[PDB]
Amino acid sequence: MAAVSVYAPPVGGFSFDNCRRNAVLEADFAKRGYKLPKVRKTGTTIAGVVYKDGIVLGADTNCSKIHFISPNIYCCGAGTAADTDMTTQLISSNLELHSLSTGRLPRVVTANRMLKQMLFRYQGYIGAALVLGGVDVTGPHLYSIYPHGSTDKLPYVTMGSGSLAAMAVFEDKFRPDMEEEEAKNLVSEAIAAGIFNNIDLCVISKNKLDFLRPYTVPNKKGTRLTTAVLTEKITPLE
Amino acid sequence: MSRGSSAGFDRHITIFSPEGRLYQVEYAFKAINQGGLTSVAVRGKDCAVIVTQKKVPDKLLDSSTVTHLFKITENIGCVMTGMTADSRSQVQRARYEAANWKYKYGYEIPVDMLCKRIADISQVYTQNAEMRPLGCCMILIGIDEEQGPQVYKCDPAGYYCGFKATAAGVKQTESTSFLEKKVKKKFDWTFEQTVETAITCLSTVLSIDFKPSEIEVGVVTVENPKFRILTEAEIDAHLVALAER
Amino acid sequence: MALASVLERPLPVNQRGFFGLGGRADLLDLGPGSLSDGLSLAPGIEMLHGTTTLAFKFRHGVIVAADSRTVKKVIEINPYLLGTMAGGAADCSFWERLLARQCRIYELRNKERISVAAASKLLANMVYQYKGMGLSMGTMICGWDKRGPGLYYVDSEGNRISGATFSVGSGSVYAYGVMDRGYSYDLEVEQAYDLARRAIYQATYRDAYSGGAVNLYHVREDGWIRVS
Amino acid sequence: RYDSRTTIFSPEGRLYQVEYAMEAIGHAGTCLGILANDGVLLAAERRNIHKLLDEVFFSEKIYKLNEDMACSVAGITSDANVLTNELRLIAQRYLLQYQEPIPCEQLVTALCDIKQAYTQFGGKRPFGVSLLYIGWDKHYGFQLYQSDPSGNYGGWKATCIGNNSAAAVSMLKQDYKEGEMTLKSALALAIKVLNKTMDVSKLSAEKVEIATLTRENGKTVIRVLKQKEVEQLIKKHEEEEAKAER
Amino acid sequence: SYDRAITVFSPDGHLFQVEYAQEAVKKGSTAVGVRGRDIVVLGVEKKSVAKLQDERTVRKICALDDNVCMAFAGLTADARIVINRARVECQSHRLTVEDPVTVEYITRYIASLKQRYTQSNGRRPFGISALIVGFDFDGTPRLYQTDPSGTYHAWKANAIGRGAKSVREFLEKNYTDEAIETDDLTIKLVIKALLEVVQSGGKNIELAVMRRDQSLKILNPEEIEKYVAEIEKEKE
Amino acid sequence: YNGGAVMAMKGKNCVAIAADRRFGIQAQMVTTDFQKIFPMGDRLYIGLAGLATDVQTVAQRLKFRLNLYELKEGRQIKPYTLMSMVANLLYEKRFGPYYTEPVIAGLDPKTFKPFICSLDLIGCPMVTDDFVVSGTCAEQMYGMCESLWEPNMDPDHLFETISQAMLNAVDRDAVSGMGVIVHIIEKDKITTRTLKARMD
Amino acid sequence: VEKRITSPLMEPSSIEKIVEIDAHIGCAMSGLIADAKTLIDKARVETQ
Amino acid sequence: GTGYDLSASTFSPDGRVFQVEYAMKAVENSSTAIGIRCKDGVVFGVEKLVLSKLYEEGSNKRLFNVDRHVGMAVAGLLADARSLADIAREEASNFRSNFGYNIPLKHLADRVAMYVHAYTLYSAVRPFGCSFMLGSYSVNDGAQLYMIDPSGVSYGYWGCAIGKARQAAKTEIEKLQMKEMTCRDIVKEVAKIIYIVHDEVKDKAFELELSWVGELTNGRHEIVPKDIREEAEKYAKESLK
Amino acid sequence: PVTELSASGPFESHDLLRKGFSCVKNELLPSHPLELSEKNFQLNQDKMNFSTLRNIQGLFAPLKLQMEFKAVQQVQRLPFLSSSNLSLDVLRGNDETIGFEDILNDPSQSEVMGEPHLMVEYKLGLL
Amino acid sequence: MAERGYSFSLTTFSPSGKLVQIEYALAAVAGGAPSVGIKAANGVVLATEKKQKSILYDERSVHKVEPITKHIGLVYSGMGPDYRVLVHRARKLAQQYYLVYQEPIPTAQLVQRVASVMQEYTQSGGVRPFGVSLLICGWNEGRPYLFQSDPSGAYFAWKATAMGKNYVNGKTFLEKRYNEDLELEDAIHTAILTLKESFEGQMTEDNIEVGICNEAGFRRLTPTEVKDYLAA
């Protein structure tokens with residue numbers, strides 16, 4: 001149409017309009033009790049351990065909190081729901097581009113770097129606290145990235161509401177080099193101790209994963225899972 | 001020089017000829033021969049070896065400053081063939097790009113990814129009218145993680161490819177024929193056999209019996225992944241061991 | 001050097017004095033008393049203030065009048081255009097000096113004098129750009145153009161009101177009253193009313209600070225005059 | 001004085017590079033547009049008629065821009081792709097700001113400003129595309145515009161662009177009746193003209209694509225005729241030409 | 001020392017690229033503008049009308065604001081660009097100073113735009129000349145003309161385009177104070193000037209008048225034919 | 001200010017989307033009675049509860065993007081793809097969001113399988129297969145929808161159930177001037193009904 | 001200055017080769033008018 | 001290489017950038033500078049040509065101080081040589097500011113040589129028509145001598161000569177066993193070599209410009225003191241005959 | 001309190017119809033902490049990279065990167081039409097990463113674009 | 001052959017309206033290694049000839065048949081570096097489409113976006129067209145796609161095509177042997193035969209490259225699979 005008020009071409013990214021408007025509007029509404037919409041949070045217990053030849057990642061459930069980042073890397077998220085979703089999707093597509101160029105299946109440190117530098121870029125304003133974990137040619141790696149851009153490479157880690165009970169269970173019963181069943185039971189038990197007042201489980205194992213064949217794109221599927229009336233008007237269409 | 005494009009089918013980089021050929025890129029390929037030096041890189045069972053001529057035509061010139069083997073990362077080394085300043089500038093660019101990769105991705109750059117990055121930059125040079133190709137060839141070596149030794153060759157056109165053995169310079173065709181004949185027979189050369197192969201290729205296509213001061217050898221090994229440049233004593237040991245046989 | 005010049009950044013790395021994420025950066029910020037003087041386009045808490053003013057249109061012109069005297073209460077924009085002061089003294093003086101600069105540039109370009117509507121609109125734009133930043137203006141632009149006598153009230157809050165009777169200040173309420181007027185007053189009778197109105201301000205005061213006579217004015221067709 | 005740049009006038013005031021840009025369309029396929037009392041149409045010659053070419057998007061040449069407009073390009077195909085994308089963008093920007101569909105001449109004017117900008121700034125090749133627009137708006141009703149590489153548009157009641165546009169225009173000018181055109185007579189005239197100007201081959205309903213625009217129950221209906229209808233039109237023309245002979 | 005660059009003087013001191021843009025102007029249809037007493041008139045020849053054309057779309061007389069109008073001769077696409085910039089500038093000036101543009105203000109703006117494009121040999125001048133008629137805010141009729149170089153002057157009557165010289169000779173010999181007394185005489189004088197280059201007159205003539213305090217009015221072919229019939233009667 | 005309440009339910013090869021209407025109101029301040037449900041397709045609708053200005057802005061920008069998508073791809077958009085477009089727009093605010101929270105309710109134009117969804121103001125979608133609610137009264141709306149929703153409903157039972165849930169959710173013993181508009185999307189037709197509580 | 005009026009139909013007041021920069025300065029022009037007026041406006045704005 | 005030699009971004013049909021070759025000939029346009037590296041330092045010497053008797057002695061110097069420890073001897077266009085002296089000074093100061101110690105001479109040579117090369121790459125700038133030598137001394141590094149030419153190629157030398165008579169001077173340097181001489185004997189021999197290759201008829205009335213950096217200056221670049229320069233000039237004259 | 005009113009000389013002229021609604025009153029304190037961090041992110045990343053290149057390698061390295069960036073950004077598309085930045089991304093290293101500038105608020109479908117000539121001659125520094 | 005400088009500028013039309021620098025970029029494509037695309041009834045085949053034909057090439061290194069997503073794959077004939085730069089761009093565009101719409105990009109959409117990039121490079125001046133013409137094979141909506149995008153940025157949907165050297169004879173060969181009801185296996189046989197038409201000597205599994213696209217997605221055949229196809 002050619003707007004008269006446009007001199008330079010628009011760019012992409014976050015918009016930052018509505019910022020001052022929302023500040024004034026939220027101060028005004030809070031002085032009247034009007035309850036603007038809020039963001040969805042996903043605070044639930046997420047936990048992970050490294051066993052001898054893999055990791056086990058676990059979460060509470062009715063939802064699915066264990067994200068996909070790579071055929072060898074998976075992620076659990078706590079914090080703002082939209083933030084964990086978008087964060088993991090962006091890093092998953094970046095790791096697809098990386099692997100599709102390199103022809104190698106990704107590295108967990110690459111995902112950790114991407115996540116921590118993206119979360120550092122947005123100065124804690126993206127509320128994604130993650131439990132990253134995967135398996136490369138280097139071995140099983142478990143990380144815990146925090147919304148401000150700080151990671152922590154760990155043997156076991158827990159986040160969410162029951163994180164203290166689950167961390168207590170891990171400090172009680174975690175041993176280096178467990179079996180797949182032992183580690184699976186430990187992660188389930190830590191989650192359960194974190195919920196009581198189902199449980200998802202992701203198992204990435206070194207001997208279920210070939211790091212010598214060329215990388216090929218995986219196939220993906222999807223997620224997200226009286227009184228009487230008086231009809232004043234009716235209007236069928238078509 | 002100021003600005004514009006030279007008119008002619010072989011006089012600007014962004015002009016095609018009637019046959020769809022970029023002639024300035026081919027002239028850059030001829031610039032690789034400016035220097036009169038040949039480089040051989042040979043990949044073995046568990047090592048990669050780069051061998052280049054070391055001509056120092058000056059008694060007054062400090063010979064420890066003449067070198068064409070460079071260290072890109074701690075575990076990647078390259079032999080540069082072509083114009084000397086262009087070679088050193090492309091080494092500087094490869095060093096920067098490798099450091100950026102380690103920064104962004106948290107692990108050290110592979111060899112194929114480094115030659116791919118350098119070749120992407122070279123393609124950008126061939127497509128734009130302000131820049132020109134570099135008259136140099138980069139042959140990179142490294143030990144990857146699970147593939148093994150790697151020899152890769154970027155070139156002025158932006159083309160790159162992995163090899164089992166490759167050559168650049170004046171005697172590139174003669175060396176390529178020599179190495180083809182060698183690789184058809186057997187290829188699992190241990191470590192000594194790869195060094196002998198590289199030195200024999202260089203000393204056959206040049207018909208020159210070498211001295212430890214007329215030749216440079218840089219190696220990587222699976223057990224010692226770090227790029228290493230052999231001292232004159234080590235090259236002389238290899239040469240005497242080749243001569244006795 | 002030629003390469004950094006062909007680049008035309010200028011950015012603090014392609015220069016001299018760079019030793020980190022910045023360093024001295026060609027003078028650690030130190031510079032010069034300007035690179036350009038004026039004659040070209042290029043914490044002190046005690047600013048000054050004003051008091052009482054009238055202004056009515058007419059049949060024979062526009063009549064400004066201010067609470068006597070010293071201090072200044074009417075800015076003399078140029079021979080054909082007047083303006084009063086309220087709020088910050090520096091604000092009124094500076095922005096109407098800029099307005100007189102605009103009016104003279106207009107007259108030079110267009111060979112005819114600016115209209116009062118255009119002049120007041122230029123002033124309203126200049127002070128509206130910095131709305132909410134603390135500018136305090138209460139001017140009142142009056143003149144005479146091809147449309148007859150003109151009278152506008154231009155404010156630092158974006159207001160620009162046309163009218164045939166205005167009044168700003170303390171005695172404003174008493175001075176707008178006592179403004180029992182008619183569009184066809186004789187000139188002497190007009191001077192009479194403006195005198196009487198600034199007086200009915202000061203019938204509760206007398207000559208002193210912002211006190212004296214009436215600093216009367218009169219915008220004729222060929223430019224204003226000072227009646228007394 | 002010469003013809004190397006778009007930003008150079010010859011010493012008789014001619015912009016030779018723009019004239020050469022406009023010379024590229026005379027190679028392209030014949031696009032024909034006819035305005036009737038109850039609709040508009042676009043008849044376009046399918047230039048790409050090779051055996052191994054796939055059955056493609058609903059039309060090779062006809063593009064939908066709105067709910068209300070369609071275009072039909074002739075010239076360089078890649079420039080045309082860029083230009084139709086920008087047409088659709090311009091129209092959605094008008095709809096976003098005014099909440100009303102863009103009027104047809106405003107869209108044509110905006111695209112032609114883009115094309116003129118490419119004929120005015122140096123170091124930018126003009127668009128070798130001549131478009132042909134058909135639409136409906138509440139101001140002027142059914143409209144048919146034309147545009148050429150110089151960003152120079154005009155509204156017509158019947159026009160042709162592309163190969164043999166001059167013979168087609170002579171035939172339309174001889175046979176188009178102003179005021180007494182209906183969409184069936186416009187389709188007959190389109191087949192007749194598009195036949196006599198495609199004399200490199202015999203006309204068949206595989207080398208022509210026809211799209212009509214009408215208004216039905218308060219909505220515009222841009223419809224690309226099916227292959228089994230263009231055959232019926234061609235038969236009607238052949239029987240007419242047999243009768244008019246003997 | 002030649003043409004082929006916009007910003008290069010020839011050894012005689014001529015910028016030839018601007019002069020060739022003015023050559024581009026001298027091929028366009030003739031536009032005649034006459035400034036009257038209380039009416040200002042514009043007339044353009046409709047050169048080589050095609051019968052299958054919507055004439056509304058190829059008009060060469062345009063309104064810039066409610067008091068200013070403009071006819072052009074030259075390349076029509078450049079003219080469209082310049083016209084729309086002038087329209088935005090008329091509205092922007094109203095926003096700046098509340099007062100309607102004087103015809104000189106918008107003439108000056110149009111000339112400054114054309115002059116911006118006569119610099120910088122990476123750009124191309126506008127190959128148009130314009131006849132900007134109008135009424136000032138105090139009611140004075142004006143007629144200005146700009147040319148591709150960025151040069152404007154005020155006229156009493158003028159012609160631009162092909163055959164501007166014959167029409168301007170006719171206007172000089174025939175523009176008096178007795179040809180201006182009424183609105184009708186001004187209209188007939190413009191039509192008579194245009195009939196000096198137009199064959200088969202009346203159907204190749206596009207008149208538009210602007211009376212004081214009134215908007216631009218395009219005369220339909222019926223009114224134009226009535227005026228032409230009056231002219232032939234006055235020929236006796 | 002009342003943001004409103006938008007609901008959607010699934011039946012058997014049919015979807016329902018409902019929102020309140022505010023028949024009788026002479027309120028003031030920010031707009032209250034706005035249009036909430038926008039047809040985004042032949043069998044696709046979006047409901048937008050929240051600040052009225054942001055509802056209109058989101059609807060208009062969504063229609064911009066959707067119209068462009070449908071012209072470029074030459075196909076009718078699918079409900080899940082509309083969900084993803086809405087999420088992308090909502091999230092491109094994110095730091096200063098739109099105070100709107102949508103529900104998508106439509107029928108897939110290949111198998112006419114119901115799709116319902118509900119996002120938040122930054123676009124985190126929740127795809128359920130029974131019902132969704134969106135608004136400032138989500139708690140009792142959820143309670144009523146859980147108590148009344150039955151699997152494999154038909155258009156009439158769907159209409160009855162969604163009307164009952166809306167009415168008895170916004171109830172507060174205050175259904176006076178409270179209306180409900182209900183669109184029932186089916187493979188063949190779309191039936192819009194505007195209704196009032198019988199108490200009045 | 002020599003005016004060189006081209007047509008009798010042209011307002012002489014619009015082709016003035018002597019302009020006023022300020023009340024005490026005046027310019028006489030010769031050459032390209034479009035450039036001259038740029039320099040004249042620079043002078044006027046500079047004086048103000 | 002006509003037709004392929006107007007830009008520094010054009011390759012000749014045999015892979016030769018000819019603007020860079022013409023820039024190196026530009027270096028051959030000027031009078032000679034030699035630099036000799038010895039057992040305990042580096043000595044520079046320039047056959048500086050007296051343009052006029054009106055110039056204050058010391059003007060048009062061609063022996064710069066690039067850092068406290070580095071000295072630079074130039075040839076070619078003198079404006080280009082001064083710009084490159086400014087660049088080298090900037091590099092040394094920037095390194096010291098970042099990293100807190102004196103820049104190694106090899107690293108300085110790389111930085112400046114890579115600048116010169118960057119000019120040999122574009123159509124927007126022309127190659128530097130100037131060649132220069134850097135020379136330093138550190139207790140932990142020994143004497144070091146580098147020469148950069150207009151193409152951006154820097155090597156390390158034991159003796160270098162740049163300028164008009166680089167070949168004759170190079171022949172004369174090769175006779176010196178500089179690896180086992182101190183800076184004093186090298187100063188005398190540098191003066192001798194400057195006097196030998198001077199062309200007394202074509203060029204006229206030159207003045208020696210001697211400089212050292214060594215352990216006799218404690219790793220600090222300096223002008224050879226007036227008395228030692230007088231002794232060196234007298235030796236050089238008496239050896240010429 | 002920003003000071004800086006060039007007000008010594010606040011003689012600048014603006015186009016009123018094209019300036020839209022500008023509020024210099026609030027153009028001194030960004031609307032969000034992340035507003036400028038995101039607006040100038042490629043700028044700040046280039047400055048960080050040029051700084052590390054300068055400090056490690058020398059003047060030549062940022063100069064050559066800036067010269068390549070300037071060259072590729074100049075054989076482009078006129079500002080009223082979207083470009084791909086294919087060569088610029090290959091130079092900067094964004095040919096294999098997707099950020100949030102790439103997926104959010106797509107520049108290719110701007111929802112608002114100015115006049116062709118006005119946008120071209122603004123890029124040319126003519127206003 | 002310098003038509004008054006109409007030959008050397010990309011932004012100058014010739015007096016006849018030709019742009020004879022984009023058709024010189026089409027002579028780089030017609031001087032590249034042969035490529036074949038055959039759209040069968042249940043899949044597409046992309047067969048090319050490798051330039052890396054000697055024993056000294058690592059064949060886990062660089063490939064001419066590349067995947068864009070799971071369902072889209074490319075081959076080219078022309079200039080290899082231009083192909084690589086366009087391949088990384090096509091992969092980025094596909095991932096942006098996924099990130100926005102949560103669905104794999106359709107083949108036609110990808111072809112359109114890549115062609116717009118190429119067109120941009122044919123209009124500025126100071127830049128050079130791309131010396132590659134791509135073949136894009138994809139599988140969407142239970143329907144195979146074969147497209148071709150040439151240096152000008154103008155893409156074509158094909159049933160079968162041939163690029164690179166000797167492509168007119170290749171297309172003539174393909175016309176006589178392509179039928180719509182062809183199955184993917186017979187398509188692979190026909191594509192290998194069409195490559196064998198214009199081929200420089202004995203054809204091994206190590207000097208040709210094949211990639212297929214069916215319901216399961218795009219896949220590059222291993223040298224053993226190509227060896228088996230060649231043996232029949």
# chains A, B, ... in the order shown; residues from 1 in each chain; ligands from 1

$ interface_residues --of "chain A" --to "chain E" --cutoff "12 Å" --atoms "only C-alpha atoms" --output "ChimeraX atom specification"
/A:2-5

$ residues_around --residues "stretch 82-87 of chain J" --least-positions-apart "3" --cutoff "9 Å" --atoms "only C-alpha atoms" --output "ChimeraX atom specification"
/B:120,123-124,127,158 /I:86-87,90,95 /J:64,66-68,74-79,90-92,114,117-118,130-134

$ residues_around --residues "residue E:86" --least-positions-apart "2" --cutoff "12 Å" --atoms "only C-alpha atoms" --output "MDAnalysis selection string"
chainID E and resid 62:65 68:70 79:84 88:93 101 103 105:114 130 132

$ interface_residues --of "chain F" --to "chain A" --cutoff "7 Å" --atoms "only C-alpha atoms" --output "count of residues only"
26

$ interface_residues --of "chain F" --to "chain J" --cutoff "9 Å" --atoms "only C-alpha atoms" --output "VMD selection string"
chain F and resid 72 to 73 80 to 85 87 to 88

$ write_last_selection --atoms "N, CA and C atoms" --output "PDB file, in the first residue's frame"
ATOM      1  N   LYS F  72      -0.360 -18.119  -1.153  1.00  0.00           N
ATOM      2  CA  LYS F  72       0.895 -18.738  -1.568  1.00  0.00           C
ATOM      3  C   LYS F  72       0.765 -20.241  -1.726  1.00  0.00           C
ATOM      4  N   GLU F  73       0.129 -20.914  -0.782  1.00  0.00           N
ATOM      5  CA  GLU F  73       0.097 -22.363  -0.844  1.00  0.00           C
ATOM      6  C   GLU F  73      -1.090 -22.915  -1.605  1.00  0.00           C
ATOM      7  N   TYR F  80      -4.603 -27.328  12.922  1.00  0.00           N
ATOM      8  CA  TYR F  80      -3.344 -27.354  13.657  1.00  0.00           C
ATOM      9  C   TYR F  80      -2.371 -26.307  13.134  1.00  0.00           C
ATOM     10  N   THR F  81      -2.353 -26.094  11.822  1.00  0.00           N
ATOM     11  CA  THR F  81      -1.495 -25.059  11.271  1.00  0.00           C
ATOM     12  C   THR F  81      -1.941 -23.678  11.720  1.00  0.00           C
ATOM     13  N   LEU F  82      -3.248 -23.451  11.821  1.00  0.00           N
ATOM     14  CA  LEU F  82      -3.710 -22.191  12.379  1.00  0.00           C
ATOM     15  C   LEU F  82      -3.261 -22.041  13.817  1.00  0.00           C
ATOM     16  N   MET F  83      -3.327 -23.117  14.598  1.00  0.00           N
ATOM     17  CA  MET F  83      -2.802 -23.083  15.956  1.00  0.00           C
ATOM     18  C   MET F  83      -1.365 -22.596  15.979  1.00  0.00           C
ATOM     19  N   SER F  84      -0.544 -23.143  15.086  1.00  0.00           N
ATOM     20  CA  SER F  84       0.872 -22.795  15.068  1.00  0.00           C
ATOM     21  C   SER F  84       1.104 -21.361  14.610  1.00  0.00           C
ATOM     22  N   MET F  85       0.328 -20.879  13.639  1.00  0.00           N
ATOM     23  CA  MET F  85       0.431 -19.474  13.252  1.00  0.00           C
ATOM     24  C   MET F  85       0.056 -18.551  14.401  1.00  0.00           C
ATOM     25  N   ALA F  87       0.235 -19.201  17.591  1.00  0.00           N
ATOM     26  CA  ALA F  87       1.300 -19.266  18.580  1.00  0.00           C
ATOM     27  C   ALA F  87       2.508 -18.440  18.162  1.00  0.00           C
ATOM     28  N   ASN F  88       2.877 -18.489  16.883  1.00  0.00           N
ATOM     29  CA  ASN F  88       4.025 -17.718  16.411  1.00  0.00           C
ATOM     30  C   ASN F  88       3.799 -16.221  16.573  1.00  0.00           C
TER      31      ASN F  88
END

$ atom_distance --atom1 "atom CA of residue D:129" --atom2 "atom CA of residue D:80"
5.9 Å

$ interface_residues --of "chain F" --to "chain D" --cutoff "8 Å" --atoms "only C-alpha atoms" --output "list in words"
residues 60, 61, 64, 67, 68 and 71 of chain F

$ atom_distance --atom1 "atom CA of residue B:118" --atom2 "atom CA of residue B:88"
13.3 Å

$ select_by_dssp --residues "stretch 195-228 of chain C" --states "helix (DSSP H, G or I)" --output "list in words"
residues 195, 196, 197, 198, 199, 200, 201, 202, 203 and 204 of chain C

$ residues_around --residues "stretch 169-186 of chain C" --least-positions-apart "6" --cutoff "9 Å" --atoms "only C-alpha atoms" --output "VMD selection string"
chain C and resid 50 to 54 56 to 60 86 193 to 194 196 to 202

$ decode --residues "stretch 11-61 of chain I" --atoms "C-alpha atoms" --output "PDB file, in the first residue's frame"
ATOM      1  CA  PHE I  11      16.694  24.148  13.792  1.00  0.00           C
ATOM      2  CA  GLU I  12      16.153  20.624  12.393  1.00  0.00           C
ATOM      3  CA  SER I  13      13.104  20.112  10.196  1.00  0.00           C
ATOM      4  CA  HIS I  14      10.881  17.038  10.117  1.00  0.00           C
ATOM      5  CA  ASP I  15       8.103  15.851   7.834  1.00  0.00           C
ATOM      6  CA  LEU I  16       5.008  15.990  10.001  1.00  0.00           C
ATOM      7  CA  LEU I  17       2.903  13.521   8.029  1.00  0.00           C
ATOM      8  CA  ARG I  18       5.765  11.019   7.874  1.00  0.00           C
ATOM      9  CA  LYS I  19       7.137  11.365  11.414  1.00  0.00           C
ATOM     10  CA  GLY I  20       3.977   9.685  12.667  1.00  0.00           C
ATOM     11  CA  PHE I  21       3.738   9.909  16.452  1.00  0.00           C
ATOM     12  CA  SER I  22       7.158  10.518  17.996  1.00  0.00           C
ATOM     13  CA  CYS I  23       7.499  11.094  21.736  1.00  0.00           C
ATOM     14  CA  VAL I  24      11.123  12.092  22.538  1.00  0.00           C
ATOM     15  CA  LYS I  25       9.801  12.441  26.090  1.00  0.00           C
ATOM     16  CA  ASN I  26       9.967   8.657  26.301  1.00  0.00           C
ATOM     17  CA  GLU I  27      12.732   7.799  23.813  1.00  0.00           C
ATOM     18  CA  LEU I  28      15.468   8.089  26.355  1.00  0.00           C
ATOM     19  CA  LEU I  29      14.574   5.046  28.534  1.00  0.00           C
ATOM     20  CA  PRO I  30      13.823   1.926  26.418  1.00  0.00           C
ATOM     21  CA  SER I  31      10.443   0.296  26.874  1.00  0.00           C
ATOM     22  CA  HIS I  32      11.991  -3.007  27.996  1.00  0.00           C
ATOM     23  CA  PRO I  33      15.429  -3.982  29.297  1.00  0.00           C
ATOM     24  CA  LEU I  34      15.747  -6.212  26.219  1.00  0.00           C
ATOM     25  CA  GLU I  35      14.604  -3.677  23.625  1.00  0.00           C
ATOM     26  CA  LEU I  36      18.006  -2.311  22.619  1.00  0.00           C
ATOM     27  CA  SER I  37      19.826  -5.549  23.362  1.00  0.00           C
ATOM     28  CA  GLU I  38      17.687  -7.114  20.638  1.00  0.00           C
ATOM     29  CA  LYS I  39      17.482  -4.154  18.276  1.00  0.00           C
ATOM     30  CA  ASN I  40      21.273  -3.874  18.057  1.00  0.00           C
ATOM     31  CA  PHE I  41      22.192  -7.502  18.341  1.00  0.00           C
ATOM     32  CA  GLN I  42      23.908  -8.164  15.026  1.00  0.00           C
ATOM     33  CA  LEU I  43      25.606  -4.793  15.486  1.00  0.00           C
ATOM     34  CA  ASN I  44      26.883  -5.714  18.939  1.00  0.00           C
ATOM     35  CA  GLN I  45      27.926  -9.183  17.811  1.00  0.00           C
ATOM     36  CA  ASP I  46      29.906  -7.708  14.928  1.00  0.00           C
ATOM     37  CA  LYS I  47      31.518  -5.234  17.322  1.00  0.00           C
ATOM     38  CA  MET I  48      32.451  -8.036  19.732  1.00  0.00           C
ATOM     39  CA  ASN I  49      33.950 -10.102  16.922  1.00  0.00           C
ATOM     40  CA  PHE I  50      35.851  -7.160  15.452  1.00  0.00           C
ATOM     41  CA  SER I  51      37.156  -6.359  18.919  1.00  0.00           C
ATOM     42  CA  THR I  52      38.477  -9.871  19.498  1.00  0.00           C
ATOM     43  CA  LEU I  53      39.959  -9.962  15.985  1.00  0.00           C
ATOM     44  CA  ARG I  54      41.605  -6.571  16.555  1.00  0.00           C
ATOM     45  CA  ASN I  55      43.030  -7.569  19.886  1.00  0.00           C
ATOM     46  CA  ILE I  56      44.286 -11.007  18.834  1.00  0.00           C
ATOM     47  CA  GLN I  57      45.208 -10.611  15.148  1.00  0.00           C
ATOM     48  CA  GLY I  58      45.423  -6.910  14.252  1.00  0.00           C
ATOM     49  CA  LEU I  59      43.810  -4.088  12.319  1.00  0.00           C
ATOM     50  CA  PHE I  60      43.677  -6.113   9.138  1.00  0.00           C
ATOM     51  CA  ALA I  61      41.183  -8.680  10.425  1.00  0.00           C
TER      52      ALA I  61
END
